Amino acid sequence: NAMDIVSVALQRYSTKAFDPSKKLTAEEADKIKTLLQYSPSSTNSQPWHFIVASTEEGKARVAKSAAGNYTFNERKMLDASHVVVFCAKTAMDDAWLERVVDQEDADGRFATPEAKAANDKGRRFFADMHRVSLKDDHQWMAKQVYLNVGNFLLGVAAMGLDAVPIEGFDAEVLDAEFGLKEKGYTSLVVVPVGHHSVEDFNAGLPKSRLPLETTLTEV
C-alpha cells in the first residue's frame, strides 16, 4: 500500500525463472487485462490485440514460438502463470478508425456531432500521414504496442507480480499458430507473468543503468 511508484521502478527486474506453482489470483488476472486495455496510444487508435495464455495447453501453444533459435526462452513461457502476447494491427484501416471514434462516442466523449467529426478528422489526418505520406504505419503501430508494454511492465510490477519482456521468438510461427495474419495482426512481444522461483538469482542482483550524465540533457 503506497504511492511510491519510483520504489517499484527501482525494485522490479526481468524475471529469469518462474515458479510454475504460483498463479495469479482471479482479481490479478482481471487487473492485468485492464492494464492492457487502458494503455494510452497515439490518437487512442489502439492498434493492437492481446493473447493471454493462462492454461498449460495455451502456454504450450505460445511456447511453440521458441522452438528454433529461441529455445532458451521456452522455460520462461511455460513456467509463468499468465503469458501475454502483444500484437499489432497489420494495417490501419478505415473500419478500425471508425470503430475507435464510434466507441469514444458511445463512451460519451462528444457533446456534439461537430466535436466527434473534429476528433475523427484529427485522427484520420494523423493516420493518413503514416499510411499515405510516410508509409510507416506498420512501425507506427508497433511503437504504440511497445508503449503499451512499458505501461504493462510497470503496472504488473506495481501489483507485486513478476514479468519479463521477450523479443526472442519466431513471430511467423506464433502468428500462424493463432491465425493472426488472417485476423489482421502480427505478434511483437511476449510477456510471461507470475512469480519468480528461488532459482532466479536475478531477483537478488543490483539494478544497473547508465548514469544521467550520459543519457540526460537538462536545458
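Residue indices: 1-based, along the sequence shown.
- The deposited model assigns a higher average Cα B-factor to 55-63 than to the other stretch when 163-171 and 55-63 are compared.
- Averaged over Cα atoms, the B-factor as recorded in the entry is higher for 24-32 than for the other of 24-32 and 39-47.
- When the Cα B-factors of 72, 140, 126, 86 are read from the PDB record, 126 comes out highest.
- Note on the listed residues 147, 91, 100, 111: the highest Cα temperature factor in the record is that of 91.
- Compared with the other modelled residues of the chain, the Cα B-factor recorded for residue 218 ranks in the middle third.
- In this PDB entry, residue 2 carries a Cα temperature factor that places it within the highest third of its chain's modelled residues.
- In this PDB entry, residue 208 carries a Cα temperature factor that places it within the lowest third of its chain's modelled residues.
- The PDB entry assigns residue 155 a C-alpha temperature factor belonging to the lowest third of its chain's modelled residues.
- Sort the modelled residues of the chain by CA B factor and residue 198 lands in the highest third.
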